[PDB]
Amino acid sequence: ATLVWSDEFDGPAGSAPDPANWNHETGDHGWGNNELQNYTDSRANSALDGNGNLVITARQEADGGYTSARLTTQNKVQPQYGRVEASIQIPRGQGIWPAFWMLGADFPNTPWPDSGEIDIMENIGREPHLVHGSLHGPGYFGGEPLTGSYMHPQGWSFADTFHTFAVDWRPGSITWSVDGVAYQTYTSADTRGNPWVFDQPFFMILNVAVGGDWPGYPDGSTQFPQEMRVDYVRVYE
């Protein structure tokens, strides 16, 4: 193995994520899941903390609406195979939906789900002690991705500290791990005769959604603002 790319998120508090690596996606159209947040390019929703982390902040505004950030490496960093990992301290709260994931690099020239989607880590706030790893592709998408979950080995909340979420990825096979512990592997044999769409470059995405069909919506147990802290993203080949 060799570390071929990383963002270690060095820099003073309030600095922008490095534009050599990152794009901001913006908007409040639901993002395919009836999500509530408006993603912005404001330093109030994504910036470095001066302590070596990227911080994405989900906020509630005076009118009751929500803002957050969704950062991608589209057209800038496009891994194909190896180990793709991030050290992340996830937020917490009912309705909060942090994610580290990848979309096939031909999107939207190729539509979703044909483009492929690899979800490295997703969490929903009502399950603080669980993360999910998933694949979306033709015939296995949306409500029915190839998927599974990993519970914190002691049953504790993942939001308590930083954890390393990764996939190890090769032609025809993807393995998910948390803190180095592999918990599932899906291969071309698991698609039930549907095409395996993961033998191509992907780009990376970090976001915090607020609300959605799967997580449900914020309630009295949700405390805004909420931060996702990312110490680094590293790609090994």
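Numbers for residues come from their place in the sequence shown, where the first is 1.
- Remark: stretch with higher mean C-alpha B factor among 182-190 and 27-35 is 27-35.
- Considering 85, 122, 127, 117 together, the PDB entry gives 127 the largest C-alpha B factor.
- For residue 54, the recorded CA B-factor ranks within the highest third of the chain. Only modelled residues enter the ranking.
- Residue 200 sits in the lowest third of its chain by CA B factor, as recorded in the PDB entry.
- Split the chain's modelled residues into thirds by C-alpha temperature factor. Residue 91 is in the lowest one.
- For residue 230, the recorded CA temperature factor ranks within the lowest third of the chain's modelled residues.
- In this PDB entry, the Cα temperature factor of residue 40 sits in the top third of its chain's modelled residues, the highest group.
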